[PDB]
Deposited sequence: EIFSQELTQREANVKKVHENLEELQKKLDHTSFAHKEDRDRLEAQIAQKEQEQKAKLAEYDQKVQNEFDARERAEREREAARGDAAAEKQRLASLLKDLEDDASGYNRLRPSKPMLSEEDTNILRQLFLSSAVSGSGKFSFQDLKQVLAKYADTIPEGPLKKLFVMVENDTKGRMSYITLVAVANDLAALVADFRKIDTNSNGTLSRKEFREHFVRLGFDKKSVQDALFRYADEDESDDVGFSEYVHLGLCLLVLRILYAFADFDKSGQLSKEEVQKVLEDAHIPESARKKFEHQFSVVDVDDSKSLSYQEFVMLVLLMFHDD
């Protein structure tokens, strides 16, 4: 709900450029074996867009800070401020797992502790990328890690563009304030609470819900704590970003062929995805030869975790 016209104009701006890039490509993507005029052009627009997005991101970030602060003011005006500072304190501590910085901890507190990004309909690639960078290492070298590295490496924009424009609203909706999920204020969500929250985000299947819960609770205690919550949430932002990274057409849903590329494109060993075809089926519950974000996320899990 960031209804600020100066942002909106930068967005429409970046989009005109990108629509160009696409055209050019498609063209050189259709000319025949005789000769690098387009490629020359294409490479151009790529830098341009890469530059427009970089400014747009910053603008989005400032807007976010403006919101968070305003949110703090509100809290205080509604109760013991000092108290509230301790709550955020106890929580951010659970993060202490990666080598987070003071800067990294604020991105995280804003994304998952605030309510500044949640729902705004905007998202910053820069904030994500910075944090992803440090969590990839926390991940055992493997398929899953190549998926993280793929979003971070952000080549030729694409990741940058999809996050800032393509699917910002949807990435903003997968994020939420732990404290708002955590009603009794125990500092650890429960299966009940977990399910409830993830039904709102679209995971209406127990089977998948359990899959997620299983993934977040590394401490094997059948309870989700801020820290594990943050780990699951950063995982969902990546898969949602890759999901859209593989939608050649605007089909809205991925195809067996489409999921194949990404996995390949991500540099994942065939030795790590041999049953891939049967799994695709198992996940296809409706058997429509095309996966949805919820299914794509059950697939990734089924396969690599």
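A.B. asks: Comparing the deposited sequence against the modelled residues, what ranges come up empty for C-alpha?
C.D. replies: Missing CA coords at 36 to 39, 101 to 112, 322 to 323.
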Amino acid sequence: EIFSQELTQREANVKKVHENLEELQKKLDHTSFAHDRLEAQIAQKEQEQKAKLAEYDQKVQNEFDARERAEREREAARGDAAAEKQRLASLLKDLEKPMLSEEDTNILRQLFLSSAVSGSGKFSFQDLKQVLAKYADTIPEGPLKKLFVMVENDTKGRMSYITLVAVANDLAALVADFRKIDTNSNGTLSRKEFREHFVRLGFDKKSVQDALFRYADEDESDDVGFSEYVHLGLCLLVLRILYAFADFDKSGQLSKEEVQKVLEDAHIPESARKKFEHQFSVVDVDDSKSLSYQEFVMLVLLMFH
From here on, numbers count along this sequence of modelled residues.
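A.B. asks: Of the two stretches 249 to 257 and 56 to 64, which shows the higher Cα B-factor on average in the entry?
C.D. replies: Higher mean C-alpha B-factor in the PDB entry: 249 to 257.
A.B. asks: 208 to 216 versus 113 to 121: which one carries the higher mean Cα B factor per the record?
C.D. replies: Looking at the record's C-alpha B-factors, the answer is 208 to 216.
A.B. asks: Based on what the PDB entry reports, which of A70, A244, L237, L28 has the top C-alpha B-factor?
C.D. replies: Result of the comparison over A70, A244, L237, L28: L28.
A.B. asks: If you compare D170, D127, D177, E96, which has the highest Cα B-factor in the entry?
C.D. replies: Each of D170, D127, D177, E96 was compared by C-alpha B-factor; the highest is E96.
A.B. asks: Could you tell me which third, lowest, middle or highest, the C-alpha B-factor of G233 occupies within its chain?
C.D. replies: Tercile = lowest for this residue's CA B-factor.
A.B. asks: Determine, from the deposited record, the chain-internal third of the Cα B-factor for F276: lowest, middle or highest.
C.D. replies: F276: CA B-factor falls in the middle third of its chain.
A.B. asks: Among the modelled residues of this chain, does the Cα B factor of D284 put it in the lowest, middle or highest third?
C.D. replies: Answer is highest: the recorded C-alpha B-factor places it there.
A.B. asks: Among all modelled residues of this chain, ranked by Cα B factor, put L291 in the bottom, middle or top third, i.e. lowest, middle or highest.
C.D. replies: Lowest third, going by the recorded CA B-factors of the chain.
A.B. asks: Would you please rank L24 by its C-alpha temperature factor against the other modelled residues of its chain and give the third it falls in: lowest, middle or highest?
C.D. replies: Highest third - that is where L24 ends up once the chain's C-alpha B-factors are sorted.
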